[PDB]
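Enquirer: Pasting an experimental structure, sequence included:
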Amino acid sequence: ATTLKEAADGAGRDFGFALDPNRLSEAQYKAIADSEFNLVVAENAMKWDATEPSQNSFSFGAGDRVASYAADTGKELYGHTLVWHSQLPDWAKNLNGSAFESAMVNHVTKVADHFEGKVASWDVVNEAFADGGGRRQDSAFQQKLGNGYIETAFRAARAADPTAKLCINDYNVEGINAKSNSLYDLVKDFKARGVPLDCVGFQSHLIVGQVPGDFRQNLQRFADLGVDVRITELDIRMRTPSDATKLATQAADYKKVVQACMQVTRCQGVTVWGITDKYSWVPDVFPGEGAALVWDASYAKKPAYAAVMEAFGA
Ligand SMILES: OC[C@H]1CNC[C@@H](O)[C@@H]1O[C@@H]1O[C@H](CO)[C@@H](O[C@@H]2O[C@H](CO)[C@@H](O[C@@H]3O[C@H](CO)[C@@H](O)[C@H](O)[C@H]3O)[C@H](O)[C@H]2O)[C@H](O)[C@H]1O
């Protein structure tokens with residue numbers, strides 16, 4: 001293999017990236033997107049703010065651009081995300097009770113219907129749980145609808161799209177801890193009761209030198225509930241600027257994550273949360289952190305690149 005795409009293809013797995021469709025007009029970004037990945041997810045274009053800016057008025061141009069990119073380049077398309085507490089438009093936050101429930105249901109229905117037969121899998125619900133266990137505490141969905149909203153969302157998604165793989169996605173659930181235990185309980189419950197649910201996403205926004213040693217064990221116990229698993233938003237951030245030591249540790253870390261996936265038969269693959277450090281979300285959220293991706297800000301391959309290739313068995 002001479003590309004990460006070839007390595008993943010050869011392994012029978014997915015290697016994806018988070019796309020900003022506006023960056024496709026930057027030819028270097030498009031060249032790498034085209035050649036190095038066999039799956040794409042919209043970094044932002046399919047979120048609620050991006051798709052339903054006012055009640056029952058939809059703006060699918062950006063999401064369609066991502067879908068068309070996937071179809072044109074023959075990549076799997078992964079859908080992110082139907083229900084998420086973050087970036088929720090004010091019009092939705094202003095609704096309550098049944099009016100809010102109906103807005104959620106309408107959103108799930110219209111977005112899943114719009115992309116039906118193009119999007120292969122959806123993050124139906126994103127970030128429902130709390131670090132330390134139990135439900136997230138700053139969510140409009142949890143606060144207005146309570147525990148049942150997750151099941152409502154999954155059933156609505158299946159009603160709209162009978163075949164798409166329906167996933168729940170979260171972060172800080174890579175190791176076995178109170179948060180991933182809560183997520184595990186729900187997955188087991190849903191499968192026991194026949195609630196539509198096909199997959200679990202592990203975001204894997206990790207810090208350099210801190211990959212959970214129990215990641216494989218955790219992925220495996222989820223797979224054993226009878227669902228697929230996926231590493232959905234991998235990046236491994238360090239204190240900037242990078243140096244040789246940090247880049248080597250980061251490379252080792254990428255290898256650890258991709259190997260954990262390789263070691264679990266139902267792990268569909270790994271998606272990294274962007275292409276280049278140039279555009280990574282990390283520096284804006286974490287002051288003085290960054291350099292989290294496989295390409296640097298000048299689109300040079302970092303040591304992480306060879307580590308990913310090696311881990312896919314290339
Ligand atoms: O936080 C990282 C992950 C965590 N898991 C779920 C996953 O969805 C999340 O992704 C991040 O999700 C965040 C919120 O939706 C995104 O951050 C938004 O990213 C947007 C686009 O970069 C930012 O706003 C943009 O600013 C630009 C100014 O040059 C404008 O061009 C855009 O129109 C404007 O929307 C928003 O302030 C910011 O809130 C990040 O790009 C995206 O990487």
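Expert: Nice, thanks for sending it over. Residues are numbered from 1 along each chain as shown.
Enquirer: got the contact list for residue 185?
Expert: For residue 185, no residue meets the contact criterion (Cβ atoms under 8 Å, 6 or more residues apart in numbering). No exception for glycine: its C-beta is placed from N, CA and C like everyone else's.
Enquirer: what about it, distance to the ligand?
Expert: Computed with Cβ to the nearest ligand atom, to the nearest Å, the distance linking residue 185 and the ligand is 21 Å.
Enquirer: Show me which residues of the stretch 201-314 of the chain sit near the ligand.
Expert: 203, 233, 281 (Cβ under 6 Å from any ligand atom).
Enquirer: Could you give the number of residues near the residue lying closest to residue 296 once chain neighbours are set aside?
Expert: Take residue 296 and drop its neighbours on the chain: the residue closest to it by Cβ to Cβ, 6 or more residues apart in numbering is residue 277, 5.2 Å away. By other Cβ atoms under 10 Å, 24 other residues sit near residue 277.
Enquirer: Thought residue 297 was touching residue 277, still the case?
Expert: Yes. The criterion here is Cβ atoms under 8 Å, and residue 277 meets it with residue 297 at 4.7 Å.
Enquirer: Quick one: neighbours of residue 195, just the number.
Expert: With other Cβ under 10 Å as criterion, residue 195 counts 17.
Enquirer: scratch that, residue 230 is what I was asking about
Expert: By other Cβ under 10 Å, the residues close to residue 230 number 29.
Enquirer: Residue 181 too?
Expert: 16.
Enquirer: how about it, secondary structure?
Expert: helix (DSSP: H, G, I helix; E, B strand; the rest coil).
Enquirer: mind checking how far it is from the ligand?
Expert: Here residue 181 is placed at a distance of 20 Å from the ligand (Cβ to the nearest ligand atom).
Enquirer: For that residue, give me its contacts.
Expert: For residue 181, the contact set (Cβ under 8 Å, 6+ apart) comprises residue 133.
Enquirer: one step back: now the residues of the stretch 201-314 of the chain next to the ligand in JSON lines, please, with extra columns for neighbour count.
Expert: Below are these laid out as JSON lines (neighbours: other Cβ atoms under 10 Å):
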{"residue": "203", "neighbour count": "22"}
{"residue": "233", "neighbour count": "25"}
{"residue": "281", "neighbour count": "18"}
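Enquirer: Filter those residues down to just the ones in strands.
Expert: Per DSSP state E, strands hold the following members of these: residue 233.
Enquirer: Nearest to the ligand, out of the residues of the stretch 201-314 of the chain next to the ligand: which one, please.
Expert: Using Cβ to the nearest ligand atom, residue 281 comes nearest to the ligand of these, at 3.4 Å.
Enquirer: Which single residue of the stretch 51-200 of the chain ends up nearest the ligand?
Expert: The stretch 51-200 of the chain approaches the ligand most closely through residue 87 (4.3 Å), counting by Cβ to the nearest ligand atom.
Enquirer: Then that residue would be within a strand, right?
Expert: No. Using three-state DSSP, the assignment for residue 87 is coil, not a strand.
Enquirer: The stretch 51-200 of the chain: helices as residue ranges?
Expert: In the stretch 51-200 of the chain, the segments counted as helices under DSSP state H, counting those that start in this stretch are 61-73, 90-93, 97-114, 140-145, 149-160, 178-193.
Enquirer: still on that earlier bit, could you find the closest non-adjacent residue to the residue of the stretch 51-200 of the chain closest to the ligand?
Expert: Nearest non-adjacent residue to residue 87, counting by Cβ to Cβ, 6+ apart: residue 49, 4.6 Å away.
Enquirer: For that neighbour, grab the count of nearby residues.
Expert: By other Cβ under 10 Å, 15 other residues sit near residue 49.
Enquirer: Now do the contacts for residue 149.
Expert: Neighbouring residues of residue 149 by Cβ under 8 Å, 6+ apart: 83, 101, 104, 125, 141-142.
Enquirer: Between all of the residues you listed, which two are separated the most?
Expert: The two members of the contacts of residue 149 with the most space between them (Cβ to Cβ) are 101 and 125, at 14.2 Å.
Enquirer: Compare those two and say which one has the larger neighbour count.
Expert: Neighbour comparison, residue 101 and residue 125: the larger count goes to residue 125, with 28 against 17 (by other Cβ under 10 Å).
Enquirer: Good, we can wrap up now.
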